[PDB]
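One chain comes next, on its own, written out as structure tokens in the form deposited in one PDB entry.
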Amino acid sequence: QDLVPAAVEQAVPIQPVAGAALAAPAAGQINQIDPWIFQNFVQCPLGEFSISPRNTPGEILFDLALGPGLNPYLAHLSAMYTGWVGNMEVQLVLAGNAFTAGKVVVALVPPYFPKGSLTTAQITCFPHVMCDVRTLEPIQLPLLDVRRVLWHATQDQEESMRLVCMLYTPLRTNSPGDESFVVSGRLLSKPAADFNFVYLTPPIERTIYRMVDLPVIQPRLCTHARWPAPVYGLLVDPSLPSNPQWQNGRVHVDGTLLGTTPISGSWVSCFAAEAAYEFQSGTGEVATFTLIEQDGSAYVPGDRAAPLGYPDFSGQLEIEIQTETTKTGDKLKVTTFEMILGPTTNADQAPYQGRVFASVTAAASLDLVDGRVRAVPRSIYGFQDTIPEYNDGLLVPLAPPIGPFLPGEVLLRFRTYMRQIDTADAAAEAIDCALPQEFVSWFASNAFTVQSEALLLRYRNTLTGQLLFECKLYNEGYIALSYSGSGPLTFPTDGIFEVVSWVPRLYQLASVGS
């Protein structure tokens, strides 16, 4: 005769996994870590998520892989080792309330289980813990090294054990009351008794598990990335188009440039070519340009739409070039030519094929010598923020349009002003970019590894450390804010962007408002 209790605590039953006892006969060395790293839970580099009443049951809230990039001490230490082996421990804290109903499941998913779409029925067939959003204290699970190899390489990230969290039952509030309410979650970890490193190497600085940082410069000392001018403004505007297809100033956070984006800010909306002048009788002397790369290399039609640094807007542009004449009384001068960029055919512009056309009006036939030039913009006429002609009328390789966003998110814009010709309006013609120069470099100089889908940034006052807003910076290189206003909203331009954490894609920012 026996008594079965209704209330039992909760636990995960395990079979022990061997670490360095399997690895040691074919490792070079087996290296120990400081014994007090085994004593403290420390927040994970990806250690923030949220829960809303807009999430639906089945959604995945976080997803973590075993290994050294879960602890900031272990990630600092991996710069001087070639491999790793052993077990870990994770801790979870939820900041909910008394009005909040809901459950989540945290499952342990092994390597080589096909990463498709899990359902709510299936998540409880793994080892798991059942948690609800009203808990005051933290929950912990083990994370074991179930594997087919003898050890792992710190610089190639292969298959390991994962930690998946799913929303089990919907999240509800009793009185309507709180539907703008978000639950915060945080993740923390330490290593368990049986974790080692493998082979001592020189400490390399540009390893993986090195954390991203931004350059410490205020946005008003910087340089616009689509037109050769400083940065003057910083704002967000729902009235404008949401998914622009700009082609300069676009870079991945892992460091790969895309579009015609150059490294230097002295290539921006400028070009270089071989020159050839003729004097068709009607208008004037006409210059046909055979395009090259600005470092003097040849141009080959490839996977961009033009050479690096080409203007990505429409309208009539003014250039200044050097000219060497064959008259009497002059040998060198800065000449002006007038050029049309937009979809304004009858001129047959095809910078994708390596030929552009321009002209200056002249009652003479000034014999200008053929050679090599560098053209720089002077003024713009009828500027539309739309792509120019790249082929004659044909489509070219492009970079995808900016996006996607979540419901409620909008795009952050850096603004500058262009020199223009205008007759009736004396307003300042504005142009935006997503990331300024000083940011497209510092990427592609550093080559970071993205470790998640977005980066959470805080923007502060350099003095008094006040918080101005929070934002998501996605891997593709654009920033989002949570903002549901209708008109514009501009921000002070002398702050500094911080780095907080890697976050998931479904992360819910706090809303900004005028």
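A residue's number is simply how far along the shown sequence it sits, counting from 1. Here, rigid core means the biggest group of C-alpha atoms that superpose within 1.5 Å across both forms.
Note that the form deposited in another entry isn't included here; everything after this is about it.
J.: Which of these moves by 2 angstroms or more at the C-alpha between this form and the one not shown, core superposed: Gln294, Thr100, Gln353, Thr325?
T.: Just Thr100.
J.: Does the distance between the two CA positions of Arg378 reach 2 Å or more between this form and the one not shown, the core being superposed?
T.: False for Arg378: its C-alpha shift is below 2 Å.
J.: After superposition on the rigid core, does the Cα atom of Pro407 shift by at least 2 Å between this form and the one not shown?
T.: No, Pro407 moves less than 2 Å.
J.: Would you tell me if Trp227 moves between this form and the one not shown by 2 Å or more at its C-alpha, with the rigid core held superposed?
T.: Not so; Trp227 is displaced by less than 2 Å.
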